[PDB]
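This is what each chain is made of:
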Amino acid sequence: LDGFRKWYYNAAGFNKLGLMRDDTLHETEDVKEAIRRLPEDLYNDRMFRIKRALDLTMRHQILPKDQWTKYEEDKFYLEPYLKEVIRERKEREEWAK
Amino acid sequence: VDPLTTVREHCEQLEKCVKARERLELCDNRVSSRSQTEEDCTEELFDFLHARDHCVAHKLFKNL
Amino acid sequence: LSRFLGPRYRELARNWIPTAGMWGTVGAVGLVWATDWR
Amino acid sequence: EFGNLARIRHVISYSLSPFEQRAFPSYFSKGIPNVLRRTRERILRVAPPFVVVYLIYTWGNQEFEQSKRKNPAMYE
Amino acid sequence: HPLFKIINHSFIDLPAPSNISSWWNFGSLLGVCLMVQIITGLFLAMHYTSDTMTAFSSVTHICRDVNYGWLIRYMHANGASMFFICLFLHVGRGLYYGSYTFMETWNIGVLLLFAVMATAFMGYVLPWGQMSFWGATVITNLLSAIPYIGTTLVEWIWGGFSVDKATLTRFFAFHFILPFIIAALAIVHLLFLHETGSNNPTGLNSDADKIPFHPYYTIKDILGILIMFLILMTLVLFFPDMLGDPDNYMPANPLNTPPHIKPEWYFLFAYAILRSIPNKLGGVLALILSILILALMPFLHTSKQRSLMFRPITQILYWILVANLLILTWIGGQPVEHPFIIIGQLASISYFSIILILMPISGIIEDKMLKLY
Amino acid sequence: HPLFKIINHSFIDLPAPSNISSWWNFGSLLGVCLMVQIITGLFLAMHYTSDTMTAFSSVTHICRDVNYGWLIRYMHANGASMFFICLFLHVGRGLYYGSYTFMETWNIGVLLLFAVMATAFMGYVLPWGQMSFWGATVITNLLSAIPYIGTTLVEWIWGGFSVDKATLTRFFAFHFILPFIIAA
Amino acid sequence: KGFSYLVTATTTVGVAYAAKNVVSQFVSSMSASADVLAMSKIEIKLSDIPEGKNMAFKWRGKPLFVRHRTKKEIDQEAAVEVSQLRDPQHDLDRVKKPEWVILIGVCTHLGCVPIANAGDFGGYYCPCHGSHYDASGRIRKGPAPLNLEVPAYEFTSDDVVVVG
Amino acid sequence: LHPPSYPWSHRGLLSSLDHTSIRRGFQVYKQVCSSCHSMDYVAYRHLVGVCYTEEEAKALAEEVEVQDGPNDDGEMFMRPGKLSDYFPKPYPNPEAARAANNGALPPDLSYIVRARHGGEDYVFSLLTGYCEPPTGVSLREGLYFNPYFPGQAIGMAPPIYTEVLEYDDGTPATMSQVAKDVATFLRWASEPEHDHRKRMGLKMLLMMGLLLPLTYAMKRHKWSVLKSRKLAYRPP
Amino acid sequence: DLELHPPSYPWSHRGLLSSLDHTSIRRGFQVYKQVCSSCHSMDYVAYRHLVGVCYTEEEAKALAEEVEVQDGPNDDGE
Amino acid sequence: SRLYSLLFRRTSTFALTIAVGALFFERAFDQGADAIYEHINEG
Ligand code: HEC
Ligand code: HEC
Ligand code: HEM
Ligand code: HEM
Ligand code: HEM
């Protein structure tokens, strides 16, 4: 299964544009909150990577294969934070009902 | 003399049309082959017709 | 939808039900006078 | 509007004058090889469905053709 | 300046994503087309009458005598075809790149489609040919399917027992107004979008990389307009009848009908769907859902990624959806006989099952593969 | 909401002077009259034929055989008259109270006035009565006054040597299309 | 409050009554043009057919088909299983003369003209979606739910069939 | 049956109609097809072409007296025609045609080719495709077996035979020559602008071949700036 | 042109809410037929338009029966 | 005062009273006017 994951990873190819997974999460409100909390360094880095992708996409080019973010290299930065934000919304909801 | 007739004849002479005609001839003969049957041959007739006609157009308009 | 599943949420609706019927009811009678269906 | 969009920091963005850069970089020469790369990458996931379709269309046509095709033996 | 501020705010200093591909041209093309359809429709309306008495004739006169009429009439017809080509590619862009999460823009959108579809029937019925007549009766009768008020509604629209002059003249106005109508609805579209800005093919937040529109996506829209005009004029000046049905040039035989009757290509599949459901009402409903399923689309998005650039399984399902949409377009053309029918029935089942069931399940699986679910 | 913001910005939370008299109603009346004209005009367009053999016959068919067609036709004619009454009182309000210092609004106004006069002229030509035909010839002839290009322009508009079907049909098209430009 | 609001409620009904009236006439305008819906006349002669001849009459913009049935046609149509018919209506049930059948040419399905001498079961057929009607005009095959319509011919005498 | 392909000259992309034939096909219509068919929407003015200029058309315009002119009461047929005179009609009323056509209808042939799927071919085929009915053929009234005809019971009487008429140009009037020639005319009339258009289309192709690379070059000028932009991240 | 102006008369429909006297419309329709119908016709008016207590439909159809020209008795026979 | 508290204070009820009233008011208005017209024009 994990091998299949790696295959999907390559197929997803978000690695090619040079972006980590957390990079692609649609910015739903929840996502927005977590992004904000990100320590500035990561936020600025996130922006750089995202912007780079945009530029690359514009030119219809992909980074050097080597530069592609390797599946193994990919780490989840936004997720740790996102979990909390979600839990927070959850807590509010039941105190709500 | 209508070149149409001549060309039609000529195309028929084409072995392709000859064979297509063979089919038609066999099939029209088949039309008369049985009575209670429904061997109308319209299908085979059309088969040969189109085949020959393609040849005709392939070499009729120029004569025209 | 998950959020909609709530007891208070339920209470609110129950309290809101009568009013809802009314507007729909008015609309219903309204449609009648609106068309005179035949 | 421009300004007040995103907190982007430390992202130097060099650029070159339009009249200074070659007017029309070869597209066929440089771009299409990558285009080929681009298209080949996805086609491997794009044509498969259509591969199936053509087959359906072809089979259907002939099938319907045979369907219409009457058998001398039928009602013979 | 309060008039130039809106124009600047929507076309010059609008922050647009730098990486949007050519697809994003297509909506602007639609606006240009609408303009074309409308302006052409004007001249088509000029020298034209809504009279079964003179409708088919003055039009032939347009085709024969009206100064450059043949040109304006066939530009109008092939511009309607170009409108539906650009509309289908615009909707396909919206489905592929996750642009339906702009829900208000999408709903103005889904409505827009129904409208454009009608304008087609409108423009279609108007020349009063054999095919127009028998096509109108057919779809008008579609309405009769309504469970209780159907008969009345049909008769209302027809304006009489059966389509006749009463219809032609009124259908003329809708076909003069719906165009104006859709036009405005589009304006709503542009507003509900600038509030959120356009999407990019990566599906990510493009706020870090936005460029002006005047020098970057204007010359791009001009180039797309030029290419669309090339395809439209090679459709008009070289193959003016490859998309129409010759039946058009037959003054309506109030009495006789075309042995083979088919709705135009743009709707061919739509009717294909109808032909599939055995029940008349079922067909009508499914038909409607066919278009409406799109509106329903923003509530079916179960993925944490907006676009399909990084989603290969849903890409495969999307191209299978485009594939059986093409299959349904072909089937509509085919007559009623084996095995065209079965394909139609399956193709419709596969269409509704891919949009309703397979894509959210695939998005859940894709979220599970990235250790997100 | 970006559609409701403009509607709020122009009709609900718009700060208006508290002491404006009934004369300030008139412009809104003009807008209503425009919509009324358009609506009535649309319901005249479903039965009117712009052919010189059949235009008078179509107008009589509207008045005699269409259900409440006389009502829509005379509403259209008297609504054109009401439009010009409200237009004259709107212009008189603008002249009396010094509202012409809003110069761009005033210039867009006089453009609207020219467009409305042209629309009403061609609309009055449209029923193809005795008075419509001679009236058209007269004003079209007005153009011939132009020093050098007058004759051509007149003939262009007429679409022929003298007003005839050529005119009626293009006047129907122009009379149809100009109130939407007036709305914009 | 009740005095001030009653005035608001009063006014509303009034406006509401006028608004329904205005909207009603307009809606009604597009109703059947009185002149054309003033056309309900008809004239037919039953002696215009030798045998097996379908004869529409374009009545009210609708085909007033008047097909003829030879005894053979008459014989099969009777043989048709009424219960097994998509629409249970025996051939004679729609004709008071077996030699004479009269039908309206609007496909129960989407309203096209059902060409006659076509259809597998014989009789009529509709090139729009493949509905085959028997000589009785009964839908035997196709997407046509109901049978073809039978007008009020109410034939008075062999000489003249009113066919309202 | 699916009519096969045919090499019509005018059909050439940039080529146009051969008026000579067109002319010949107008003769064919005037001498044979006009007895049951009429080019109503076509007028002698419409008829104008290299095949027949207004002058020649005038001759034909004056060549007819049928319904060209009315009488004290505008009934029956009362006077010959002129340039503006529209094409004469074999029948003053649909019933007339129906009466003189087995009860069936000989359609005016103004837009006939456009009307028929694959018209030009169909026409040629129908007029020259009666072929042979091998079996199960019961032509009821004035019908003519023709597999090309949808029902093989055309009822369009075969009106063309070797030397059916005589072409004024003298080109042998063989059934096919006659058929092909009239076809051209019919096509010409169905689209009186066929030639006019193709010239536009040629000018359109030349203008688009000039304008597409130039607009592409502009776009690539104004988009080069970005397409060369080099981004660098320099965290402090 | 000096035209003695019509001396305005007191018509039963002259008032603001005053309708027409329908017996007078019936008598005037008779007038047209016997006298002016010779040289005047109510083209836009039809016997169906004669629906009014002035003349009821069935009888009006009789009037419709009276007139018998150019109906097109023969379409091929014109 | 009762009416206000019953059918004119709750907007929903306000609408109900309006709609219902309008439903009846019309027929009557038509009748009255028609009748008057008739009395006014006795023939
Ligand atoms: C003397 C009689 C006669 C002549 C000559 C004649 N026709 Fe016809 N044609 C008919 C009749 C009768 C019909 C009606 C058949 C029907 O409606 O079933 C007909 C119908 C047709 C149709 C309609 C068939 C369809 O596909 O719907 C075409 C096409 C046609 N004719 C072509 C021609 C052409 C082309 C010529 C000569 C170049 C020609 N006809 C000369 C009698 C004639
Ligand atoms: C002798 C045949 C005949 C009779 C009967 C007849 N009219 Fe006329 N009418 C004419 C003619 C002729 C003219 C036009 C005379 C002219 O224009 O110089 C005319 C003109 C008129 C005009 C138009 C006057 C105008 O200013 O244009 C009116 C109104 C009129 N008649 C009324 C009537 C009425 C009412 C009746 C029935 C009592 C009637 N006529 C009966 C022959 C007749
Ligand atoms: C308000 C603007 C428009 C006007 C005034 C207008 C007017 C007309 C007129 C008069 C015709 C009949 C002439 C003809 O046969 O071509 C017509 C045909 C048609 N119109 Fe429109 N139209 C307008 C906009 C549109 C739009 C936006 C569409 C596309 C949805 C459209 C689609 C058609 C089609 C398909 C036909 C049939 C063309 C044919 O004969 O093949 N029109 N239009
Ligand atoms: C009347 C027909 C339509 C016209 C004229 C039209 C026009 C436009 C225009 C000009 C834009 C801005 C340009 C762009 O985004 O590329 C746009 C955006 C959009 N339209 Fe449409 N549109 C139409 C119908 C539709 C329909 C039916 C849909 C839904 C399927 C749709 C969905 C969208 C979406 C999602 C966007 C935003 C896409 C993005 O920028 O990322 N539109 N439209
Ligand atoms: C786009 C909307 C409009 C349409 C479609 C329209 C259409 C028509 C038509 C078909 C007629 C001929 C029927 C008749 O005789 O009354 C007509 C007449 C007329 N229209 Fe319009 N109209 C429009 C707007 C207007 C406006 C805004 C004005 C005022 C400036 C106007 C002034 C007139 C007048 C004065 C007549 C002559 C009425 C008469 O016979 O006495 N119309 N219009």
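1. A closer look at the site of ligand 5
All names here are of chain F. Not every one of the 22 residues close to ligand 5 is listed here, only the nearest: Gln 37, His 76, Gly 123, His 175 and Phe 176. Between ligand 5 and the protein, one listed contact pairs an oxygen atom with a side-chain N or O atom of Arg 73 at 3.4 Å. Between a nitrogen atom of ligand 5 and a side-chain N or O atom of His 76, the distance comes to 2.7 Å. Of all the elements in the fold, those that place two or more residues in the shell around ligand 5 are α2 (26–45), α4 (69–96), α5 (103–125) and α8 (165–183).

2. Describing a negative patch on the surface
Taken together, the side chains of H:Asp72, H:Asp73, H:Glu75 and I:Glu78 define an acidic patch exposed on the protein surface. When you line up the elements, H:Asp72 lands in the loop between α3 (54–62) and α4 (94–99).

3. Description of the interface of chain E and chain H
Taken together, the contacts link 34 residues of chain E with 37 residues of chain H. Carbon and sulfur atoms make up 70% of the area that chain E and chain H hide from each other, which totals about 3200 Å². When the buried area of chain E at its contact with chain H is split by residue, E:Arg64, E:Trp70 and E:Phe238 rank highest and sum to 24% of it. Where chain E meets chain H, there are three salt bridges.

4. Points about the nonpolar core
It is characteristic of soluble globular proteins that their nonpolar side chains tend to be buried jointly. Counting residues in each nonpolar core, the largest one holds 162 residues, and the members touching the most others are E:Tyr217, F:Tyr48 and H:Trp223. Looking at this core, the element that brings in the most residues is helix α5 (residues 103–125) of chain E, giving 12 residues. Not counting residues up to four positions away in its chain, the partners in contact with H:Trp223 are A:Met58, E:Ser18, E:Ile211, E:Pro215, E:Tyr216, E:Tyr217, E:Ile219 and E:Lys220. Within the second largest apolar cluster, 69 residues are counted, among which are B:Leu24, H:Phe87, H:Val113 and H:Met156.

5. Details of the coordination of the iron atom of ligand 3
Residue and element names in this part refer to chain E. Every protein donor of the iron atom of ligand 3 is listed here as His 76 (NE2) and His 175 (NE2), and their distances to the metal cover 1.9 to 2.1 Å. Seen from the iron atom of ligand 3, its six donor atoms lie at angles of 86 to 178°, and the figure they make is octahedral. Of this pair, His 76 sits in helix α4 (residues 69–96) while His 175 sits in helix α8 (residues 165–194), and the two are 99 residues apart along the sequence. For the pair shown, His 76 and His 175 are each scored as buried.

6. Let's talk about unusual backbone geometry
Across the junction of E:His338 and E:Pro339, the peptide omega takes the value -10°, indicating a cis bond. If you trace the backbone, E:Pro339 turns up in the loop between α12 (312–333) and α13 (340–369). Positive phi values are uncommon outside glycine, yet D:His10 reaches one of about 45°. On the secondary structure map, D:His10 appears in the segment before β1 (11–14). Under the relative-accessibility criterion, D:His10 is labelled partly exposed at 31%. Even without being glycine, E:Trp128 reaches a positive phi, approximately 65°. Within the element layout of this structure, E:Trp128 appears in the loop between α5 and α6 (130–144). By relative accessible area, which is 11% here, E:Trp128 ends up buried.

7. Quick look at the site of ligand 4
All names here are of chain E. The environment of ligand 4 is formed by 19 residues, the closest being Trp 24, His 90, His 189, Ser 198 and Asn 199. Between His 90 and ligand 4, the recorded distance is 2.6 Å, taken from a side-chain N or O atom to a nitrogen atom. One of the side-chain N or O atoms of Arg 93 is found 3.0 Å from an oxygen atom in ligand 4. Across the shell around ligand 4, the residue classes tally to nine nonpolar, nine polar and one charged.

8. Overview of the state of the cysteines
Enumeration according to the criterion identifies two disulfides over all chains in this entry. There is a disulfide in this structure between B:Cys27 and B:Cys41, and the S-S distance comes to 2.0 Å. Taken together, the residues B:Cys27 in helix α2 (residues 15–33) and B:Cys41 in the loop between α2 and α3 (42–59) connect sequence positions 14 residues apart. Residue B:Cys27 is classed as buried on the basis of its relative accessible area, which comes to 5%. Note on B:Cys41: relative accessible area 0%, which makes it buried. Across the disulfide from G:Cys112 sits G:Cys128; the S-S distance is 2.1 Å.

9. A word on the UniProt feature "transmembrane region" in chain C
The UniProt record annotates "transmembrane region" at residues 16–37 of chain C. Between the first and last C-alpha atoms of residues 16–37 of chain C the distance is 31 Å; the span itself is 91% helix and 0% strand.

10. Some remarks on the coordination of the iron atom of ligand 2
The sole protein-derived ligand of the iron atom of ligand 2 is I:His40 (NE2), positioned 2.2 Å away. One can find I:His40 in the loop between α1 (22–34) and α2 (57–66).

11. A look at helix α6 (residues 119–127) of chain H
Here α6(H) lies mainly inside the structure; nine of its nine residues are buried. Those residues of α6(H) that fall on the buried side of the exposure criterion are H:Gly119, H:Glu120, H:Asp121, H:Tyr122, H:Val123, H:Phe124, H:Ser125, H:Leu126 and H:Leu127.

12. Considering the packing of helix α3 (residues 55–64) of chain E against α4(E)
Residues and elements named next belong to chain E. Across the interface, α3 lies against α4 with an axial gap of 5 Å and an inter-helix angle of 110°. Taken together, the axes of α3 and α4 lie roughly perpendicular to each other. Contacts between α3 and α4 involve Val 59, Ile 62 and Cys 63 on the former and, on the latter, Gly 69, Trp 70 and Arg 73.

13. Concerning the packing of aromatic side chains
Following the criterion strictly, the structure yields 73 aromatic pairs over all chains and no others. Between E:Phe213 and E:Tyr217, the aromatic rings sit 6.3 Å apart at their centres with planes inclined by 35°, giving tilted as the arrangement. On the basis of relative accessible area, E:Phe213 is assigned to the buried category, the value being 19%. Take E:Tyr217: its relative accessible area is 3%, and that puts it in the buried class. On the basis of an interplanar angle of 65° and a centroid distance of 4.3 Å, the ring pair of F:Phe133 and F:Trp134 is categorised as edge-to-face.

14. Comments concerning the arrangement of the chains
The protein chains that touch form 21 pairs of chains, and the pair with the most contacts between them is chains E and H. As for chain I relative to chain C, no contact occurs, and the smallest C-alpha gap between them is 26 Å. Regarding chain B and chain J, which are not in contact, the minimum distance between any of their C-alpha atoms is 70 Å.

15. Overview of the environment of E:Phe229
Within the fold, E:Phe229 resides in helix α9 (residues 218–236). Between the C-alpha atoms of E:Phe229 and E:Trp24, which are 205 residues apart in sequence, the distance is 17 Å.

Calculation criteria
- Residues numbered from 1 in each chain as written, not as in the entry; some residues may be left out.
- Chains lettered and ligands numbered in written order.
- Part of a larger assembly, values for the part shown.
- Heavy atoms only, no water.
- Near = heavy atom within 4 Å.
- Polar contact = N/O pair within 3.5 Å; in protein donor to acceptor, adjacent residues only side chain to side chain.
- Helix = DSSP H or I, 4+ residues; strand = E, 2+ residues; numbered from the N terminus.
- Patch = residues over 30% accessible without salt bridge, like charges linked within 9 Å, V, L, I, M, F, W, Y side chains within 5 Å.
- Areas by Shrake-Rupley, 256 points an atom, 1.4 Å probe, with all protein chains shown as cover.
- Salt bridge = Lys/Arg side-chain N within 4 Å of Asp/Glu carboxyl O.
- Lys, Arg positive; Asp, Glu negative; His and termini not counted.
- Charge placed at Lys NZ, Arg CZ, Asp CG, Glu CD.
- Contact = heavy atoms within 4.5 Å.
- Buried area = accessible area lost by both parts, 1.4 Å probe.
- Core = buried A, V, L, I, M, F, W, Y, C linked by side-chain atoms within 4.5 Å.
- Buried < 20%, exposed > 50% of the residue type's maximum accessible area, 1.4 Å probe, protein only.
- Donors = N, O, S within 2.8 Å, 3.2 Å for Na, K, Ca; no water.
- Tetrahedral: all angles 85-135°; square planar, octahedral: opposite > 155°, others 65-115°.
- Nonpolar A, V, L, I, M, F, W, Y, C, P; charged D, E, K, R; others polar.
- Disulfide = S-S within 2.5 Å.
- UniProt positions renumbered as here; feature names shortened; annotations may be inferred.
- Axes fitted to C-alpha atoms, helices over the stretch in contact; angles between N-to-C directions.
- Parallel < 35°, antiparallel > 145°, perpendicular 65-115°, else oblique.
- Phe/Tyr/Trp six-rings, centres within 6.5 Å; stacked < 30°, edge-to-face > 60°.

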